[PDB]
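A.B. asks:
Residue numbers (PDB author numbering): 1 to 83.
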């Protein structure tokens, strides 16, 4: 990955409740990511997680929790892995 510690602005303070939230494969949603960070997962991990599991806050947590921040190092046969 890449160092993550203060850089991009959170942006989108308030306003606009639901801009575009449909049940279709696509990038994650701030909230979905924010809701993740809450559980105890670096945003990056949250965003990366959602991406891993397509974009399921649960699927992510289900793992992020089970594992406990770190993601599955053996989730993808050939891909990213600390090892």
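For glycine and all other residues, C-beta sits at the position ideal for the given N, C-alpha and C.
Between residue 83 and the rest of its own chain, which residues show a CB-CB distance below 7 angstroms, the 5 nearest in sequence each way excluded?
C.D. replies: Excluding the 5 residues flanking it on each side, residue 83 has same chain C-beta neighbours closer than 7 angstroms at 73, in chain order.
A.B. asks: Does the pairing of the stretch 48-63 with the stretch 5-17 give three or more beta-carbon distances under 8 angstroms?
C.D. replies: no
A.B. asks: Helix, strand or coil for residue 48? Go by DSSP, reduced to three states.
C.D. replies: Residue 48: helix per DSSP, three-state reduction.
A.B. asks: Thinking C-beta only, is residue 64 closer than 8 angstroms to residue 45?
C.D. replies: yes
A.B. asks: Assign residue 39 to one of three DSSP states: helix, strand, or coil.
C.D. replies: helix
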